[PDB]
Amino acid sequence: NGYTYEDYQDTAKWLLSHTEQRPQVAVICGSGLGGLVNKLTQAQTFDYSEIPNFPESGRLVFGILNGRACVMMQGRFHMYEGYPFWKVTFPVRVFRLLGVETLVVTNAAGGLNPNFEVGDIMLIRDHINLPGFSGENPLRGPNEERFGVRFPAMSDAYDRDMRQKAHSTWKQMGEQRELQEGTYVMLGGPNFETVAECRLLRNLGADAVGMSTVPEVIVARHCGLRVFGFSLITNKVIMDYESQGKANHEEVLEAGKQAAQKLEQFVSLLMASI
């Protein structure tokens, strides 16, 4: 970890003096889900480049969403960009110092569960942190008690209540396709998985595969934030050597557009119940 506690304080102090907004909820927008910030009222935006200590991208937007004061990350950071996890998760700790209590994380992922279909929304019930198995963890290094404990529990990371409410809200939305729910596995990237890797991951019990999120959740749980999140299934991963095609970022961004209005609508409603 290359940031001191004071670094975190300085950055939060800077934000508090540049906007009157006082967020209670923070949202990290995954790839293609950035349009969510366009629904905020009384909004104020800061490019990451203008914020002291912020990792290099990228906009941070404050505002009101369906009655709730929020702060959203339009664009996030990734391990595959070369950033260590202490940089990838720097914003989560700043949010805590701002007074945020709940964190919503979203991402684009590849579907491992055969029952999934492109466009599906999968609530995240649990995760598998592969980089963590080898020590790549945002918490690696001396522990800072002002944030949390040395050995944080992670079995209850994704708030159960929020998931119930989430299912309730989706009911009131009157959607034809059911709201999915499963386990998200994170791996480094940036390349897409081979057939052997996809089969393996599925056998490990994962329902969706991605390249982010997990480190943010771990840090959020460590400092005390309530966590909720979901994945937009952007493609069904190739499970056999009879590959009619192969994963590509184009289709991932395409799928991101088709389900924009939908995803944005869902998150907007969930604010009500927090």
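Numbering starts at 1 and runs along the sequence shown.
* Checking the other PDB entries that cover both flanking residues: does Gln244 lack coordinates in at least a third? -> That residue is missing from at least a third of the other compared entries.
* **Between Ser57 and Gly58 - deposited residues without coordinates, as a size class** => The entry has 4 to 9 unmodelled residues between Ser57 and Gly58.
* Could you settle it for me: does 90-98 or 177-185 have the higher average Cα B factor in the PDB entry? => Averaging CA B-factors over each stretch, the winner is 177-185.
* Can you let me know which of the two, 13-21 or 259-267, has the higher average C-alpha B-factor in the entry? => Comparing averages over the C-alpha atoms only gives 259-267.
* Asked: Which is it among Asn129, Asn143, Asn113, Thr169: the one with the largest CA B-factor in the entry?
  -> Among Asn129, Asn143, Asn113, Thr169, the PDB entry lists the largest C-alpha B-factor for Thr169.
* Asked: Among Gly32, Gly229, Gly63, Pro215, which residue carries the highest C-alpha B-factor recorded in the PDB entry?
  -> Going by the entry's C-alpha B-factors, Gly32 comes out highest.
* To do: Going by the recorded CA B-factors, say which third of the chain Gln42 sits in, lowest, middle or highest.
  => Middle third, going by the recorded CA B-factors of the chain.
* To do: Determine, from the deposited record, the chain-internal third of the Cα B-factor for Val118: lowest, middle or highest.
  => Its C-alpha B-factor belongs to the highest third of this chain's values.
* Which third, lowest, middle or highest, does the CA B-factor of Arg202 fall in along this chain? -> Within its chain, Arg202 is a middle-third residue by C-alpha B-factor, going by the deposited values.
* Asked: What third of the chain, by the recorded C-alpha B-factor, contains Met162?
  -> For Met162, whose C-alpha B-factor we compare with every modelled residue in the chain, the answer is the highest third.
* Could you say whether, by C-alpha temperature factor, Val27 belongs to the lowest, middle or highest third of its chain? => Lowest third - that is where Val27 ends up once the chain's C-alpha B-factors are sorted.
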